[PDB]
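In order, the protein sequence lines correspond to chains G and L. Following the numbering used here, the numbering of the first sequence begins with 1 at its first residue and continues without gaps. Following the numbering used here, the numbering of the second sequence begins with 1 at its first residue and continues without gaps.
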Amino acid sequence: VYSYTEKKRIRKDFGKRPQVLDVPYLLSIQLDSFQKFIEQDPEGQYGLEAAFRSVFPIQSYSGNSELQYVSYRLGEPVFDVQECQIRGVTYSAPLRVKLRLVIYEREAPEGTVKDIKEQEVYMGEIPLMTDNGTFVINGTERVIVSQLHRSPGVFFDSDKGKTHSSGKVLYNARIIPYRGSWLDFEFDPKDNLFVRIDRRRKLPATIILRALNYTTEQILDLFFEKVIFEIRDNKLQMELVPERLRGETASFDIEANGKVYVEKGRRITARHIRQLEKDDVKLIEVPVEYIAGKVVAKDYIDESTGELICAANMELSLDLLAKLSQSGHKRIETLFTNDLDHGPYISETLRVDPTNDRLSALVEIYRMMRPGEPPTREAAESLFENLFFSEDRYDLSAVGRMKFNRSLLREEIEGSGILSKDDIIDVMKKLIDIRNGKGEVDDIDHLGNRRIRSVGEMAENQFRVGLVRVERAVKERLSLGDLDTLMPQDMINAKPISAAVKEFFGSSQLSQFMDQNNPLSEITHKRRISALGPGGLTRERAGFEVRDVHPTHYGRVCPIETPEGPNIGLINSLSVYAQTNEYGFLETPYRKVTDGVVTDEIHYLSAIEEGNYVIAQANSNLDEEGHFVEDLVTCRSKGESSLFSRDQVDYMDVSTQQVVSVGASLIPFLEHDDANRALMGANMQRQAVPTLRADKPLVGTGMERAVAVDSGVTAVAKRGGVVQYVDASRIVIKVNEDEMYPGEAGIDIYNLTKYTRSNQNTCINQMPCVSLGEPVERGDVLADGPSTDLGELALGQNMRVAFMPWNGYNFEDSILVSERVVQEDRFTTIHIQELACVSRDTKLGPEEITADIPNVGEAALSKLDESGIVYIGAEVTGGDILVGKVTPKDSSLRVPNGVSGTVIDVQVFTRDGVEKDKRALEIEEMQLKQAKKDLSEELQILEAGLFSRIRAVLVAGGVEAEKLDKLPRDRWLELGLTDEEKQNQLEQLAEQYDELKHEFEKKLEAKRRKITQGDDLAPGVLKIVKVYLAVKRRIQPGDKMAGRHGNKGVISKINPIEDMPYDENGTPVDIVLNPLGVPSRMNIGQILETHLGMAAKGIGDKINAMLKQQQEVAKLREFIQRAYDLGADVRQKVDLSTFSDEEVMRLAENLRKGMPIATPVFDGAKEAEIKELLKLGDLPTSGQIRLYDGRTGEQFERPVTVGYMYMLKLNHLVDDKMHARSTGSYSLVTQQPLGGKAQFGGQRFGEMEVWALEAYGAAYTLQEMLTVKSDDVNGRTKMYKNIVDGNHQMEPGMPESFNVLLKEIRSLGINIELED
Amino acid sequence: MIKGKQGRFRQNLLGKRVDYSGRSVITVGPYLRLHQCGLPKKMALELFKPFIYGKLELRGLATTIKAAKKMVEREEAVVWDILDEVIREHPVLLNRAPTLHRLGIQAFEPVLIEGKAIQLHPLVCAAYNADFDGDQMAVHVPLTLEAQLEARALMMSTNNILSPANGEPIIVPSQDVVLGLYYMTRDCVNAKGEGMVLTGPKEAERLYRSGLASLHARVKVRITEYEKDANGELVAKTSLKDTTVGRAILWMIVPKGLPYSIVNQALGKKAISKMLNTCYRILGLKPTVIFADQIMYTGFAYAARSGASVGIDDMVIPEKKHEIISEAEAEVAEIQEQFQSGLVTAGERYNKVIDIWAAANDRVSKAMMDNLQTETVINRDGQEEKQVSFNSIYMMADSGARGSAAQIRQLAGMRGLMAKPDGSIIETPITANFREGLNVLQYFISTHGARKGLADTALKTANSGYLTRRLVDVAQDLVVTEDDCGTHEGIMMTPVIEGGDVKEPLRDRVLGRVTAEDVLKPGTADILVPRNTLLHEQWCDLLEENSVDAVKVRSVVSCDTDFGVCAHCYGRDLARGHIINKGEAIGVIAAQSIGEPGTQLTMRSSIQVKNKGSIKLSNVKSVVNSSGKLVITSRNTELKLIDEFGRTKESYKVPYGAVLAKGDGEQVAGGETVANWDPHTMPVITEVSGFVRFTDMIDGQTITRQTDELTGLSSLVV
RNA sequence: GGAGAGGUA
Ligand SMILES: [Mg+2]
Ligand SMILES: [Zn+2]
């Protein structure tokens, strides 16, 4: 059940919940989105194919010809990854598309072909994606984070009464397309209805209604019920709808069927309607006074005169009734109006409308959209048409249509990408309906309304907006005549597309530099989910409602991991199990709960579908049958939590740890800390500098191996086999027999990247973790990268910590560090810096790098060879010469002050047309030799593998072991053999061997060509020389090392070992933290971790003692078994009886430094098992032992706490911060000292400090500090003279910056000057 | 190029960059005196370079500036002694980045250190608000002579002890020395060597160090106090006190003139602050600073000896927590059942649930605290007794080092009710402390709360910065610029009352402000103070014993000087014990003092007299009603409860038409309900008896005959 | 010199 390579170190595991869904690949959302971006998708709906088929074909205006698209293709990358990183050129791929120009015949009818021509036009360079998921742009590999932008569709939002100061809400409805112009409807405080387009001036909506060719009566018939009045012999017997009487009173006596149904002044009861319907009344005689305040429905005309008695949509008057009766209009249609059921919100807008016909409405729209430019008959209609209904300028995506139809209770989840009359009408209907009470506003933080937009989609859209320009250019080109000699090369230009894509990839707000000082930093940076960028919300003007955690975040976006400071809640990180839906929403997994059984089938649910069901959370006890042992089970029904019955549930979470991000899943005992302190813990875990030799963490959360192998650093095997020859640089695996293809036998070979700089100057290299003869299996780990150990993440070191105040040296948060921590050299970190030197081509001729420079003794030149470049391996120090350059008339590069280290690599590039000096030729020859030797070695490795395969297949059916060795290998592959498929295999292998020979003999030539060629370079440079320094930053008082629970601190002293507290056994502790920091900053996780680590190291020490004296396996087997036992029904169940009796010995060997312990975040080890484990060793169960002071030698009372804690050394050194300046450079426009450490700049005496100095009586110091120390040029020259001459004084003068202000303000018309 | 932060005015014209500067990280180094700070060798040799050149040329070791620059560049061993020679008495300025108040930038002497981090004395961290978790500080050097003298005589750290905002000391021993002292001045009921007698402090010290007596055990020891109650003459008086060897050892540190009872209690944080304040107010300045340094040293030493560590067994969960929570659960269930049957409404169910959960939370907190603070039961050489507990967490919390009782409640008892984002309170509290584990949902809710807190701090500080910048730009031009304006108008300073107790007494509102019109003792015509004297502590005592009530005090809002205020009108400097010096910028310090705390703020029946005393009414226009009580017909009627002395002690607002049991000048029993009224509806109260005639009261067009229907009496509505 | 991104207090 346990792999061989997994028996090196079995991590004792706590926890009780049986995992049911192992963590997925942690980089899916990148390697899959970009995978879909570039693929042959015949369905034509993903990636480039969609864009091409969307913009093409292109039809000319006449149109006598058109240009249509056929297919595309991606060429071979010019340079592989390593060369691109070395030189600084994008790891790109040419893009070749097979356009096709077709020419019709003018005289012949529309549709005919005179001749059609096509060719493969080049256009663009799309960067590719490395295996890990990081692009390389200019030797500065970057990563693109995903965006979280609000989805296209429709939203009925509202303002919470923050306008008009009347406490009256104002609902509004917005239609957001995926690409085009928006649309808004709003309610004025006077219950009007205003359209608004792209946030321009307001408009009454009725005009946009008329734009679709609608008449007044049409609108009214669309938006209202009609009450009918019947002019009869007796004053308007009226046809009544029963539902009207609901919620209204009677102004008269409703009496019909010879029965007084109700009198006036009485509110109408449901009983009244019930009796009316029982009597089945259809008509009621109504007094004429009721029609006093009504409004006609449709216009009514006089039959004889042909005139209009009363236009539609106007009130009624008694004389109007008289005219109606005179005209004999029997049926009169009027509006159905009420103050709560059917507000007449349309008629009022009609009245506000100053327009009546289609032309005038279109003209109004045209004038609003384009101020000035008097409209024409066609301009307005063309504007409207191509604004809102042309597929080329307005487009709801498929997601848009789906969301839209889901928000209007439709049935179809697919339709057109444009609007239509019914869409706008339905939106207006729904908005009015909301105003009347039915329906509900929609909040905006719902994760069912925000869409993840990964790298593929954004790049595709940038490519499309690139294509639009060339489309316009070619359309206007074809509009011209003279098409008899065109080709699809001159009209298509490669510059626009390349610019449009390159600018996005290289300089955007979402393609950012990838911090690379860990495996964890990379993994947690590729999963980032930003909300800023184009189309998102600005950093500094974002409200507060956005930053909070919505209840829908549970299981999709981690709630505790977020960069604090200026932007909280905008850079939230993705959760562990969260997937991306088909459209782009965020899904999370759940376990289907049938009638009463918790099954194992899992469904991925979206943010909206969760709001309906009932989900019982993860830690609900069940016993071997899916039956919930308890009967009142906790659940999250819909945006809230409760307790429900054992049968009402419908889903149960997957695992306890699907709520947290990957970054915060490594904290042990996470459930005990506070929230913000765990937040700081994670954000500081992301910055741990890799150390000199990594060490496993004694107390992990079992989520290490996944992060280690799912990042790219470790060299994970691909086909299990047997190690054939390991080495400090490469590895070779003979593949097992099963996992081998029929032909192309070969053997797997791995190359390991030795010391090469990361992006933060921390060296990354790989070390083998196997030896000869060791079997390995698919997916196993072979080469450990930076901060890894047998393939499990290990960022810092585990050290012995004691909690107690110590002579104030750990006063606030400081840390007292024993001297063993530096004597054993277990925190020193290696840094690699790159220093460049260029030979510009300037006036007075160019300058060179000759080894001779003026006025310097040979001593400083001892380290430069005859050419002028330092030797590889020289041990430079602060203030030295690396390359000697000359002032053309001394610009030699020099080591930055304060840094030490050794030069480990030199490179030189020379522009074509310049002869190459001696050193460059030497390096080129060295590289030639190295490449040839490497290729020869690998070739013979593969050849030996092939012949081993052949010998394997020959001995089957006709073995002559003696014969094979007699005739050498060179003549084996034609020996006789019986007739069967075996001969076929022999032929195939021989063919493979010849092919391999050819492959090598040409690849060598390719590498020679790549090396010996010239180098592209920027204009003006002749040659660039780069030198790499390696430094060992060891440790100083001032560094900043921190734990995993946000207990950062600045190391404060390095005590000699004889002064540190030591327990009665004699082992002095190695840290002394400050106990005062726990209670106020509630994080007990560190204390519990300390106790657990103490127990683990106790067990390790017992095993180490047992092995020191020779103890046979009889005892180690027993003890290790009993140790792996002693849980509270744990799920580990590791059985030692099955081990090979020598893997037991090796397991003991790897456990002698402590038994690793696991603790899933929210299902961890409680107190009782910690106590039991402690008692397994002979340690005191209380957890606190009695120490002894170092100096006095007397005992501390109050027994203190000592244990083992995992600590990281953060990347905030002291020697990158400490800085000083006395008299350096000076800015140009305003004479003030420069700023920053790069330049030798000085600090800033900010405004608030000036206030502070004024608060004292201090006046002289302030005056000098902003007159003679920074600005007044003559003042400071004389100050320097005086100081040198030992006579302290000053000559103030006037600041230069003030003169700058004076001139600048005088540059306007203002005349400002100084008076007498 | 002029507007905005990037414009000249706010970028290159008000605050410039500056030469002769440096920046680094800070560490503690608690071996420093109060008036010096560490300085790395490299920064020292780079900042002071011109002075090194000057000394080298004076001494003739380099006859030019190029040779001297070479010698400095490769630092022949000679330059180090020269550098030490230059540093001897040359102060530097240390500054932190967000420097809010005047104490943010302070002078120091430098002491060279073979490191790369600026060592900072641990007492001033409170003034800087500088944790040691990576804060960076900047160093400047003053060049000219007047700048050096200004640094030494205005900003040297031993001259800023009292905060300008208020007289309170600002170098209070902060968080660890306080724990050490508190653990030092205690007493176990039965420790080693209890009951013997000693011949003075040093004898006790020797006894403890030899290990024959524990650090705290009751013991009689003879002590010689000093009292300078005479005219500046110290008088020694000996006695035989009964204290604990810890306190006797501590007494060896304090200066001469302080009563022994000042180091006899448990010495929390507040006690140490008060001790420093009294020492300063009795013995000038220099003894206070040296005493503070010695306090820090002894505190650190004995805290280290204590070995006060924190463990997981020192978080005791009260044994009744489960029963309390189960009973509360059943109580919730019964109300849930009630509302299931419709007997109650949703709002009342919700409110009752919240109330009973609050009651359960309070009961759990109380039970935990009671089982925590006194669990120690130890025999007193007889049978049994109990004392204040030594549980580490309690010892840290009570002393005042770190964390109030709220954090202890969250660590041991249930952690209250958590609020969802939109201000609502979740009906289901978190019933799990941190010693036990929070499950998923509880942690989710706590996460929301924490994120709200973080975002609020960010926005709040962002806004407070703008507030202070506005304030300092309206008062920047004001400078006390005379000696005495010569006026008589002031304001009436009185203790503040809110309806309940005194939120602020009189003695803390006129401490250090000159009088306007001489007060007359309540022996009226007895002039107690002159009219233009500074009300320092002694006069404050005289006011207190005579129970003065309201004082006319000259205030800076009415001073008649033009283009500035006069010395007397302002008062006492409040940052050093004497009247304000002529020619001082006060507007800026006032603005900064108001703006500094701006980040610690938050962004979003019947009268029951509770003290025996006479009752007085102000602005009474009343009559006697039918019940013999007093019915008021005026709005500004206010009632003051005055003690037997004749000094007001309580105040209450009397609504119009409120009935009062008493009249005027009676005596009220404590807890007596003295008045009542109908705050809901307003009456048409009349003044005298008689018939009431509805004049111009006509049904139909002026009023409505809305006759009462449930009873049937006469009713008509205007 | 100016922009954009990330980070620390
Ligand atoms: Mg800090
Ligand atoms: Zn005055």
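The beta-carbon is built from N, C-alpha and C at its ideal position, and this holds for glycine as well.
Check: Excluding sequence positions up to five away, which residues of its chain have a Cβ less than 7 Å from the Cβ of G/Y122?
Finding: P94, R96, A494, listed in sequence order.
Check: Under 8 Å between C-beta atoms, does L/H216 make it to chain G?
Finding: No, no contact with chain G.
Margin query: Let's test the definition: count the other Cβ atoms within 10 Å of the Cβ of L/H578 and tell me whether it reaches 16, buried, or not, exposed.
Written below: Here L/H578 is exposed. Its C-beta has fewer than 16 other C-beta atoms within 10 Å.
Next item on the list: Give the residues from the segment 1221 to 1254 of chain G that approach chain L closer than 8 Å (Cβ to any Cβ), ordered along the chain.
Entry: Of all residues in the segment 1221 to 1254 of chain G, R1221, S1222, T1223, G1224, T1230, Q1232, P1233, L1234, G1235, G1241, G1242, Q1243, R1244, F1245, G1246, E1247, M1248, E1249, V1250, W1251, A1252, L1253, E1254 have a Cβ within less than 8 Å of some Cβ in chain L.
Notebook entry, point to check: Just curious, the beta strand (DSSP E) that G/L67 is in, first and last residue?
Noted result: Per DSSP, G/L67 belongs to the beta strand (DSSP E) from 65 to 74.
Next item on the list: State the CB to CB distance for the pair G/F34 and G/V455, rounded to an integer number of angstroms; the pair is presumed to be in contact (CB under 8 Å).
Entry: Going by Cβ atoms, the distance from G/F34 to G/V455 rounds to 6 Å, so yes, they are a contact pair.
Next item on the list: For G/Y613, return the contacting residues in chain L, with the cut-off set at a CB-CB distance below 8 Å.
Entry: Taking the beta carbon of G/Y613 as reference, no residue of chain L falls within 8 Å; the closest one sits roughly 17 Å away.
Item checked: Proximity test, Cβ basis, 8 Å: L/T461 and chain G -> So, not an interface residue.
Item checked: G/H550, buried or exposed, once every other Cβ within 10 Å from all chains shown has been counted against 16 -> Counting Cβ neighbours within 10 Å, G/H550 comes out buried, since at least 16 surround it.
Check: Measuring from the CB of L/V557, is there a heavy atom of ligand 2 at a distance below 7 Å?
Finding: Not so, every heavy atom of ligand 2 lies at least 7 Å from the Cβ.
Check: Got a sec, what are the start and stop residues for the beta strand (DSSP E) G/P496 sits in?
Finding: Taken as a continuous stretch (DSSP letters only), G/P496 belongs to no beta strand (DSSP E), being part of the alpha helix (DSSP H) at 494 to 506.
Note to self: Would L/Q608 and L/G671 be called neighbours here (beta carbons separated by less than 8 Å)?
What the structure shows: Their beta carbons are under 8 Å apart, which means L/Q608 touches L/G671 by this criterion.
Next item on the list: In the DSSP assignment, find the unbroken alpha helix (DSSP H) run with G/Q1263 in it and report its ends.
Entry: Segment 1260 to 1265, the alpha helix (DSSP H) holding G/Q1263.
Margin query: Does G/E476 come out as helix, strand or coil in the three-state DSSP assignment?
Written below: Helix.
Next item on the list: Quick one: which residues of the segment 110 to 127 of chain L get their C-beta closer than 8 Å to a C-beta of chain G? List them in chain order.
Entry: Of all residues in the segment 110 to 127 of chain L, only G115, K116, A117, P122, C125 come within less than 8 Å of chain G when Cβ atoms are compared, listed by chain position.
Checklist line | Under 7 Å, CB to nearest heavy atom of ligand 1: contacting residues | finding: Ordered by chain, the residues meeting the criterion of a beta-carbon within less than 7 Å of a non-hydrogen atom of ligand 1 are L/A130, L/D131, L/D133, L/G134, L/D135.
Next item on the list: Answer yes or no: the CB of L/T481 versus the heavy atoms of ligand 2, is any distance below 7 Å?
Entry: False, no ligand heavy atom lies under 7 Å from that Cβ.
Notebook entry, point to check: If you compare alpha carbons, which of G/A607, G/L387, G/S892 is closest to G/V870?
Noted result: The shortest CA-to-CA distance from G/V870 to any of G/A607, G/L387, G/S892 is the one to G/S892.
Notebook entry, point to check: Are the beta-carbon atoms belonging to G/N581 and G/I529 less than 8 Å from one another?
Noted result: No; because the gap between Cβ atoms is not below 8 Å, this pair is not in contact.
Notebook entry, point to check: So is G/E704 buried or exposed if we call it buried at 16+ other beta carbons inside 10 Å?
Noted result: It counts as buried.
Margin query: Strictly below 7 Å CB to CB, what residues from chain L border G/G808?
Written below: Chain L residues near G/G808: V28, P30, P122, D176, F300.
Next item on the list: Show which residues of chain L have a CB atom less than 9 Å away from the CB atom of G/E812.
Entry: Residues of chain L with a Cβ closer than 9 Å to the Cβ of G/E812 are, in chain order, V28, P122, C125, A130, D131, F132, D133, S174, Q175, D176.
Next item on the list: Use the C-beta contact count for G/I116: other C-beta atoms within 10 angstroms, 16 or more gives buried, fewer gives exposed.
Entry: Classification of G/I116: exposed, given that the 10 Å Cβ count is below 16.
Check: Per DSSP, which one or two residues make a beta bridge with G/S573?
Finding: Its beta-bridge partners are G/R528.
Check: Rounded to a whole number of angstroms, what is the C-alpha to C-alpha distance between G/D490 and G/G124?
Finding: Rounded to the nearest angstrom, the two C-alpha atoms are 15 Å apart.
Note to self: Counting only beta-carbon separations shorter than 8 Å, does L/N166 have a partner in chain G?
What the structure shows: At a cut-off of 8 Å between beta-carbon atoms, L/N166 makes no contact with chain G.
Checklist line | Cα-Cα separation, G/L1076 to L/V310 | finding: C-alpha separation (whole angstroms): 8 Å.
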